[PDB]
Structure formats: structure tokens, C-alpha cells
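There is one chain below, alone, in C-alpha cells, taken in the form solved without 5-chloro-1H-indole-2,3-dione (2HQ).
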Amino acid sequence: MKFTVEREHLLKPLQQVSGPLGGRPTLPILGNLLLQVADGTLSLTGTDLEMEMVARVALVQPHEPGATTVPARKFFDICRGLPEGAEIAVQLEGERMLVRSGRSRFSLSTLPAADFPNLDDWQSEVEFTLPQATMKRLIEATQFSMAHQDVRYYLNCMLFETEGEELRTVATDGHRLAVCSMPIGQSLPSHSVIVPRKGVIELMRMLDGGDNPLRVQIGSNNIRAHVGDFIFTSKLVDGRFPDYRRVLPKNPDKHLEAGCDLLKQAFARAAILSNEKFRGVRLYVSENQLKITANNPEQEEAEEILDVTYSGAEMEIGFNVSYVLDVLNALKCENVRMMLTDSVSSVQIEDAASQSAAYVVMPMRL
């Protein structure tokens, strides 16, 4: 096996293919990457037995076909440590792989490609293509609301749902909820799958922000995403994800509109003197005015008054200010719409200019 490639043509693929690698593998070859030279292409593969990333690099310089596996971290570090634009020549010599560039030379231990794990074959049932930017939007809009190591294991995941001509993501930790829906211009069966958090992070990070569209293929127990030279596959998780429809307020008719940053900054200052554990703050809403208060067990108190757009009935509502700030940080827009019902009901929050993403936080009695 032999190839010679420029440093940067290797580095991006090396980054992607190292993502799935577990920190204490149960097999020695799991700490390795599979390298294969075949029909003018180098393929690199990394896996943890549940997800797998493959990257392809076109070979313009002389090469010899063959395959082996190499220590992931050491090979990546050697390649990263060489100077910008360096040419990296790789050749097998018995049971070592030789890496050479200028007068730098490295000899690495190898494990046979015959022993590299293979994911079982599976069939695609649902497929669609979409702009990279649309998938990044769906994931970034909702990822922060996934749980962390909840015993309710499905909450540590993200639901991906197809319906009509739309793709939708839902994330919830059992307390607050995010949902985002985007049209994709293809008629789809009504279908839902649950992707583990490690899978959503890898999928998000393979989207380079460019012009290559993303193709998704969904099977009974797996999902595959293909963009440009990268192909990612993850197992799906089996379970019963909460129905976002049941959590959305049925008629949140009283809309408060406010500047996003002005609102974020008032909540951030009030939060300093909120309860460190439960983080509760109170809203008093009246004609074009909002008052926010917070207090803590040390009897310290904050009060914020600001001009808003509001013409509903006067009312009072409390909630968790960390959850609200999470939402206002994700939204990054000009104006926000807070959609209110009463003191004993949830609040739905949206970009005032867009209904694509919606966030739900629960009321608190303060």
C-alpha cells in the first residue's frame, strides 16, 4: 500500500474519521483507522461499533492499491505536526507503515485490515436530499434542549420526524422543549426516528457550511448521511419519544414582543440574584410594559422594567431564567415573541419574524 498526498487534503478527512473513536476501546484495532487505496481513491474509516465515519480523498499522484490499519491519534498528530502544504508519502514495509515528508521519518505499528469491524448490511426505507444549511438550522435550533445522562435514555437523544414536505427535529429534557420544522420540497412518508447524542454531534460536525447537498437514508435501525466526500452512519435508538403536540400551549393568544438583546440582558442581570438551584424569576405584564423580579434565600432582590409591545389582559407568570436565557441565546434575532396564556400555563417563545422554531418553558409559582 502506497500513496502520497498534501497535508491539508488529509487533515479534514482525518478530523471527521477520528470523531467516532471511543476513549477506552474494547478491541485494540478500535484505536486504529482503516486505510484503503483502491481505484484512484484513498478511503479512511473510523468506528466505535455503533457509528462509523468514512472519508474519501482523490489520488492525483502515483499510488499502489492495498489496505492496513494505523493508530488514529499518532497518525493524526504526525500529519497535523508537519508544516503547512507538506507532501506526505506513506508506504507499507512489512508490519510497519512508513510516513515520510522532507527529512522527517516515522515508523508506525499496524494491525491487519482483515480484522477491522464491519457494520451489518441494512436497507433504506425513507430518503430525501436537502441543503446542508437546513439540517444545521434544525440541529442548532434544538440540540441545547436534549437531556444529559437522564435514566430516561430517549431524552438524551434528538427525534427526527418527516411529515408532508417537512423535516422536523424535537429535543426535550423532560422540563423544557425545543422544536424546529423546515419545508424541504419533497413529499415524504410520515416517519419518526431517535438519534443518540453522539450521532447528532457527529452529523452536525460533518456539515462544513458549503454547497454540497446532504442526502439522508433512514432504515429500521440505522440512519446514514452523505455529504461531498464524507459518509456517516449511526444506529438509531428504540423507544417512545414524547409528543411535542401535547406540550405546546393550546391557545397562547397574549403576545409580548420585545427586542431580543434588550430582553436577554434584563433576564441576565435579574438572574444574578435568583435562586442558585431553582432559578425562578417573575414577570408582571401590562400595557406595553414588562417588569421582571428575582430574589434569593439571602433576601437580595433584582427588578428590571422595560418597554415592550403588549396589549393583552394584565397578568403575572414565573419561570426558570436559565431555560429562558438558553432560548434567547439560541434565537439570535432582532425581536422575540412570548406567547402567554395565564399564570398556571406554559409559555411558548419564538423569533417574532419566524415560526420555524418554537420553545416551551413551564410556569413556576413564586
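Each residue number is its position in the shown sequence, starting from 1.
The PDB entry reports B-factors from which the mean C-alpha value can be compared for 321 to 329 and 53 to 61; the larger average falls on 53 to 61. Between the stretches 159 to 167 and 114 to 122, it is 114 to 122 that shows the larger average CA temperature factor. Between the residues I139, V227, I194, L248, it is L248 that shows the highest Cα B-factor in the PDB record. Across the options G199, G280, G94, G81, the residue with the most elevated CA B-factor in the record is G94. Sort the chain's modelled residues by C-alpha temperature factor and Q36 lands in the middle third, per the entry. Sorting the modelled residues of the chain by their CA temperature factor places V237 in the highest third. Annotation for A353: CA B-factor lies in the middle third of the chain's modelled residues. For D77, the recorded CA temperature factor ranks within the middle third of the chain's modelled residues. Per-chain ranking of the deposited C-alpha B factor places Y153 in the highest third.
This protein has a second form, the form solved in complex with 5-chloro-1H-indole-2,3-dione (2HQ), left out of what is shown; the following refers to that one.
None of 86 to 94, 222 to 230, 241 to 249, 129 to 137 except one has non-hydrogen atoms within 4.5 angstroms of 5-chloro-1H-indole-2,3-dione (2HQ) in the entry with it bound; the exception is 241 to 249. Shown alone here, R168 lies farther than 4.5 Å from 5-chloro-1H-indole-2,3-dione (2HQ) in the entry with it bound, counting heavy atoms only.
Although the partner is absent here, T110 lies well away from 5-chloro-1H-indole-2,3-dione (2HQ) in the entry with it bound, with no heavy atom inside 4.5 Å.
Though the partner is left out of this view, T162 does not reach within 4.5 Å of 5-chloro-1H-indole-2,3-dione (2HQ) in the entry with it bound, counting heavy atoms only. Using a 4.5 angstroms limit between non-hydrogen atoms, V360 touches 5-chloro-1H-indole-2,3-dione (2HQ) in the entry with it bound. Here is the short version: of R282, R176, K264, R197, the single residue with a heavy atom within 4.5 Å of 5-chloro-1H-indole-2,3-dione (2HQ) in the entry with it bound is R176. Between the options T172, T293, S234, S101, the residue in contact with 5-chloro-1H-indole-2,3-dione (2HQ) in the entry with it bound by a heavy atom within 4.5 angstroms is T172. Applying a 4.5 Å heavy atom cutoff to 5-chloro-1H-indole-2,3-dione (2HQ) in the entry with it bound picks out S346 as the lone residue from 343 to 359.
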